[PDB]
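Basis: the model, the stated rules and, where named, an outside source; no laboratory read-out is quoted. All Cβ positions, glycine included, derive from the backbone under ideal geometry; neighbour counts span all protein chains shown.
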Amino acid sequence: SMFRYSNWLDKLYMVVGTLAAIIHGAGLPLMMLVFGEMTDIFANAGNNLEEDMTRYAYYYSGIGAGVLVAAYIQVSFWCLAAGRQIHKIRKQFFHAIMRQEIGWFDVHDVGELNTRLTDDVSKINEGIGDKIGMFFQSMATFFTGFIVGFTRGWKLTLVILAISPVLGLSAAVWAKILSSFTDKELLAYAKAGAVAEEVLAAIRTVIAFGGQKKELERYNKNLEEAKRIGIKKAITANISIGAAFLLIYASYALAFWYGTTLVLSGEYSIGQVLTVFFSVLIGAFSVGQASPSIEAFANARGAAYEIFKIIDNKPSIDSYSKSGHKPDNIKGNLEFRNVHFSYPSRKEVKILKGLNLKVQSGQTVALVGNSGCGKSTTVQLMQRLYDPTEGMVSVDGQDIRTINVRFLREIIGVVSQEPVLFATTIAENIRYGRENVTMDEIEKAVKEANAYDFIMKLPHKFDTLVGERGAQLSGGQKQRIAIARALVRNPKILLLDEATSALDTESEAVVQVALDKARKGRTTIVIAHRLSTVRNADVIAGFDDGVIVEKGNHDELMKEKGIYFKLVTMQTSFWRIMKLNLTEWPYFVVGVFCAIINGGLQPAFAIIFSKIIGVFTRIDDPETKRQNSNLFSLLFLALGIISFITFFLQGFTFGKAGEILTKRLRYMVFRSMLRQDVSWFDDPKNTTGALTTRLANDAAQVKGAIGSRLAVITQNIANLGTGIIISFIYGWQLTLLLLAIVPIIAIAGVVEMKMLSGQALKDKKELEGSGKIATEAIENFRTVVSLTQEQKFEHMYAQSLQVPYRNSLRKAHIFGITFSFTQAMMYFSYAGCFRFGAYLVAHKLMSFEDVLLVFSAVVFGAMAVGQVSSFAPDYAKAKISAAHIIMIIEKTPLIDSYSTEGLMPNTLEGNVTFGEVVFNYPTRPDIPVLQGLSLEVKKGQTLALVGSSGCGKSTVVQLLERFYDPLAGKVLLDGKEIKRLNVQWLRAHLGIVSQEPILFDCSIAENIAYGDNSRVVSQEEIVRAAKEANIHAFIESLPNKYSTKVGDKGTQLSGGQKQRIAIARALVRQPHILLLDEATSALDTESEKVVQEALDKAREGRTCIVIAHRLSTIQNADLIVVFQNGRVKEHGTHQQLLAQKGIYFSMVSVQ
Ligand SMILES: COc1ccc(CCN(C)CCC[C@](C#N)(c2ccc(OC)c(OC)c2)C(C)C)cc1OC
Ligand SMILES: Nc1ncnc2c1ncn2[C@@H]1O[C@H](COP(=O)(O)OP(=O)(O)OP(=O)(O)O)[C@@H](O)[C@H]1O
Ligand SMILES: Nc1ncnc2c1ncn2[C@@H]1O[C@H](COP(=O)(O)OP(=O)(O)OP(=O)(O)O)[C@@H](O)[C@H]1O
Ligand SMILES: [Mg+2]
Ligand SMILES: [Mg+2]
């Protein structure tokens, strides 16, 4: 039940604030009783009073000042306590996440963890900021009203109490519905948001395969579900509002039943009865307004329990534990015996079944194994990402548990086969790798990393920008950057995986030699697949089924007739904003008629009540006037019923219009994004997170800017006009004070509601950066844990959140001050109006009834306008967001992907002709990669591409897929211009596989079927693809078969498995022309020959392009082309290339 246990001074401050709120709530019935007594005194006088009026005004002013001071103090204390608690909870959660083990992170989805940390924290802040204080004040006011009624009212008090519970329940329901709107909207739209985020994550592959139809259908279904949920919520809110409105009419009808009882009633005059009724109404309103705190108490308790459970997950392996010891004389020595471990996703499968391995300091040790032999698993185990199920792994003869992952990973840096990076500058990545580099270690790593051409020629050598996940950077460039970053860290246990054997082997000799420069000062384990690299390795160890079989020098392995020998032998405005008229044309007017009706509801009742007040005055008029009072009460009840009906109708119409507009806008935005140039997405402005936030936080802004804005404006204008007309007609002198106080009162009312939406929006805007940092740390938590950078990340997050904490505290203080000022202004205005009415009554300028009616009408109009403005959103920054949205819809891309204009060829001959083709990237158009190269390819021809890293082969392949356009030259397919052909049709027929393909985090079968878009992918196609790629056996070996779930970035499979899956999907796509980038890679080279050779069987009848460092794969190619700085030095048969002493000949000789 209790969740607060820190900052006992904070608890005392909260208690003081609650006491002040209760005092104000109790005083409110005191003000009601004072008003009733003043009314009774005026009625008695009408049947000297200046001194009494002045004394009452002074007492009211003092009471209002005290109430305002107490309310301000309570609000400020509650806001400060809520902010401090939120900050402390966020810090504790960050610390727990940093201390959280790798297993916990693997078990719980990182995206789900971030979503929880955001949503639960926001809900706790919303439900603990002002809800408790408001509930306490409402309860105190209700108790004071009940106490006052018990001693004053007798039968009237009993009737008021009996009628109270229905109105209290209605107000409670209305408050609960109004308070928790985000929980209903964002929760429903979370599915659509996640779908959009997933689509944006692999938009590149989606455009490559043209699978926009499925994404559009899913988005449409999610939008329809969200619209249905919103319509239901709006209907419920309208019903609650109608019930609340009818409650006032019912209460008025019940009160009017007195009649013959006269003002005397039991023992008091009409003033006492009116005061009792007002106190009962105030108590019922407070009870209704105290409900939301209790209603959200359950959600707050659930969020607090979840946060505590996450924080209270103290694991055995703690990064902040002081029980361990930090090793200093860490000599290079590793020993693993009977090492057995199983992944958590598939516990049944045991990749490692024990083995004996020993590595000495300053010794280059390489591991060679079959497909999925456990090389990546062994590297991960060495990095301490997981734990050993059985066996014993020690470093320097000491158990790993002695120094924990803390001292294990913090001293050894490793690079994965496909290292991840951040969309920032290269210098930023270097600094992230090591903060204390001082520009010396970075320079040394750059010199050793052999990365000069890319850094030098490209602009901003130390500030060169890289897209998401280093998309702009080349695969070889990315590998070189990762190697340099690892070297800069100055690690003692180097871990090399797929250094440069990705695209061309020519760079491999340049890279491996560099690795030989510094390979004796510390232990180094590398995963080599080339013959030269394997031979250069000091020691090579053979693994099979997770068991070490061979271990020794290259000569020993060759003479042992082991797996290495077999592998070697095998190798050999309104117009732009009011766009709802298409669907809202026959409904908006229906709402408008309601809005005007609402404008008439506020003043009309103000008059009717006034007509009652005068009827209740002058000794309740004569006996004949009783029928007039009854008629006035009946008219007021009818007007209230009509107003409730009109409000319900207007709310339903507004909700329907808003839902329709939001759905249409979302559909248009999705269509525009799908039919957009690929180059547009490759820019810092089109960030995945920023784009998702803009897309999600658009419906509410547009709705509030158009529909709610118009409704509020119309209602306020109508109310103000009606009030002014009534005051002028029935007011001569008192109208001046009402007009003077109108603007301040209206502003206070507009800023009189909860206004939590603005505070939440400001907090989200401030903490967007902190959330992005947290997401980056969680997604790449493995990299941070490897370098033991948890403390630095936590410090950075705290520093970034500190400013938002101060801004939120200042905003809360400002809001509390504004609320206190509004309350004090209302209290003083009441006394001023009473004094003005008394002064007017003293003279013959106007009667008491007219002045009272004018004052009541003015006050009611101002309060209604303020409440409508505060509750209903109005002009704000949302309009600006609309400018960012509409321009997106109206924007047209350079290439009309959606447009069907395109020549339809009779048949596909699989012929490509490029001549003098020159292309330049959009981000860096001053550094072109092509100088007018040419290439001819015929049907059923196998072409291989080689050359220096980043020579343009990948760029040429991308251009072939119509990803971009050439600055100059000519590109034709089967003697036909590519630009004059369908883009989607051409892409669907192109089997393009990138160096780092993206696999959706879903079932393997679903991912495979997604390759063949616009057609049904039966299980037979998947089986055939697996057989072609030899993946059926692997799928059967793994649990769930094709139903196995895929985690983030394919966490359930290795790089080789992902490459095989991508190849199988491309084959299933039935591509007339196929292209692969870094298809071979390490990927268990021995297994690759099994798959690659199979491709040769399927290569018949189609043109295939393969780029890889291995010479064996290129040998089978019909033609081989070498590109040097975008220029094809030579092209022809393998024998011709071998005869010529070119780049290819030199590479072959080196290998
Ligand atoms: C509708 O019938 C009426 C009932 C009471 C009163 C005035 C009674 N006086 C003691 C002043 C109290 C002001 C009052 C309270 N409590 C109040 C004012 C502003 C508020 O913030 C929006 C509020 O909410 C807590 C309550 C309510 C009557 C509106 C006027 C009325 O006519 C408008
Ligand atoms: N997190 C995981 N959950 C389940 N299975 C996994 C996970 N990581 C890897 N695997 C699978 O377990 C086996 C581990 O193979 P490992 O990656 O260690 O060897 P490898 O020869 O270096 O791999 P590759 O050439 O595919 O990169 C492979 O089948 C891999 O698909
Ligand atoms: N979107 C991009 N914006 C700017 N420069 C880019 C972009 N994509 C690639 N580059 C640059 O173009 C060159 C990439 O060359 P290319 O795409 O032809 O690859 P490659 O030589 O086949 O091999 P790899 O797979 O290693 O990139 C590198 O200079 C890279 O920095
Ligand atoms: Mg591997
Ligand atoms: Mg490439």
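Details
- Cβ pairs under 6 Å, 6+ apart, first in segment 77-93 and within 9 Å of residue 129 (Cβ to Cβ), second assigned to a helix (DSSP H, G or I) and of a type in the set (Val, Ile, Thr): 82/128
- Number of the condition not met by residue 1126 [criteria: (1) surrounded by fewer than 23 Cβ atoms within 10 Å (Cβ to Cβ); (2) at negative phi; (3) not polar (S, T, N, Q)]: (2)
- Tabulated pairs, segment 179-199, first more than 30 Å from residue 288 (Cα to Cα), second aliphatic (A, V, I, L, M) and in a helix (DSSP H, G or I), C-beta under 7 angstrom, 6+ apart or interchain: 192/223; 192/226; 193/696; 196/695; 199/206
- Scan of segment 991-1021 for residues that are of a type in the set (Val, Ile, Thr) and farther than 11 Å from residue 1066 by Cα, ordered by number: 998, 1004, 1016, 1017
- Candidates 842, 748, 774, 831: the one that is closer than 30 Å to residue 416 by Cα and more than 16 Å from ligand 3 (Cβ to nearest atom) is 774.
- The lone criterion from (1) within 16 Å of ligand 3 (Cβ to nearest atom); (2) outside any loop (DSSP other than H, G, I, E, B); (3) under 36 Å from the mean Cα position of the chain (by Cα) left unmet by residue 1079 is number (2).
- Scanning segment 948-960 for any residue that is among the basic types (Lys, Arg), in the same structural domain as residue 1099 (by TED's automatic domain parsing) and within 16 Å of ligand 3 (Cβ to nearest atom) turns up at least one such residue.
- Flag for residue 17 being more than 30 Å from residue 802 (Cα to Cα) and more than 27 Å from the chain's Cα centre (by Cα): no
- Within segment 116-167, the set of residues being among the hydroxyl-bearing types (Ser, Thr, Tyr) and over 49 Å from the mean Cα position of the chain (by Cα) comprises 151, 157.
- Inspection of segment 1089-1096 identifies no residue that is surrounded by fewer than 18 Cβ atoms within 10 Å (Cβ to Cβ) and under 26 Å from residue 468 (Cβ atoms).
- The set of residues from segment 969-1002 being in a loop (DSSP other than H, G, I, E, B) and either within 16 Å of ligand 2 (Cβ to nearest atom) or under 34 Å from the mean Cα position of the chain (by Cα) (or both) comprises 994, 995, 996, 997, 998, 999, 1000, 1001, 1002.
- Any hit, segment 1106-1127, residues being in the same structural domain as residue 1019 (by TED's automatic domain parsing), away from ligand 4 (no atom under 16 Å from the Cβ), over 23 Å from residue 952 (Cα atoms) and not in a loop (DSSP other than H, G, I, E, B): no
- Hey, residue 502 crowded, with 22+ Cβ neighbours inside 10 Å and either in contact with a helix residue (DSSP H, G or I) (Cβ under 7 Å, 6 or more places away or on another chain) or farther than 29 Å from residue 439 by Cα (or both) or not: yes
- Residues that are touching a strand residue (DSSP E or B) at 6+ places or on another chain (Cβ under 8 Å), more than 16 Å from ligand 4 (Cβ to nearest atom) and under 27 Å from residue 1052 (Cβ atoms), drawn from segment 363-391: 387, 388, 389, 390, 391
- The residues listed here are 920, 911; of these, the one that is away from ligand 4 (no atom under 16 Å from the Cβ), within 23 Å of residue 1128 (Cβ to Cβ) and in contact with a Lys or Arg (Cβ under 6 Å, 6 or more places away or on another chain) is 911.
- Filter result for the condition that a residue is surrounded by fewer than 20 Cβ atoms within 10 Å (Cβ to Cβ) and among the hydroxyl-bearing types (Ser, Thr, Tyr), over 727, 672, 643: 672
- Single condition residue 549 does not satisfy, out of (1) more than 16 Å from ligand 2 (Cβ to nearest atom); (2) more than 25 Å from residue 951 (Cβ to Cβ); (3) of a type outside the set (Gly, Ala, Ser): (1)
- Selected residue [away from ligand 4 (no atom under 16 Å from the Cβ) and buried (at least 23 other Cβ atoms within 10 Å of the Cβ)] from 1069, 1102, 1060: 1069
- Among the residues listed as 946, 956, the single one being part of a helix (DSSP H, G or I) and of a type in the set (A, V, I, L, M, F, W, C): 956
- Only residues that are closer than 30 Å to residue 713 by Cα and in contact with a helix residue (DSSP H, G or I) (Cβ under 6 Å, 6 or more places away or on another chain) were counted across segment 763-784, and they come to 2.
- Out of 548, 540, 597, 527, sole residue that is under 44 Å from the mean Cα position of the chain (by Cα) and outside the structural domain of residue 710 (by TED's automatic domain parsing): 527
- Selection status of residue 694, touching an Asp or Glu at 6+ places or on another chain (Cβ under 9 Å) and not aromatic (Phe, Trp, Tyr): no
- Residue 1081 falls short of the stated requirement of being of a type outside the set (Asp, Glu), within 30 Å of residue 366 (Cβ to Cβ) and either touching a strand residue (DSSP E or B) at 6+ places or on another chain (Cβ under 8 Å) or away from ligand 2 (no atom under 16 Å from the Cβ) (or both).
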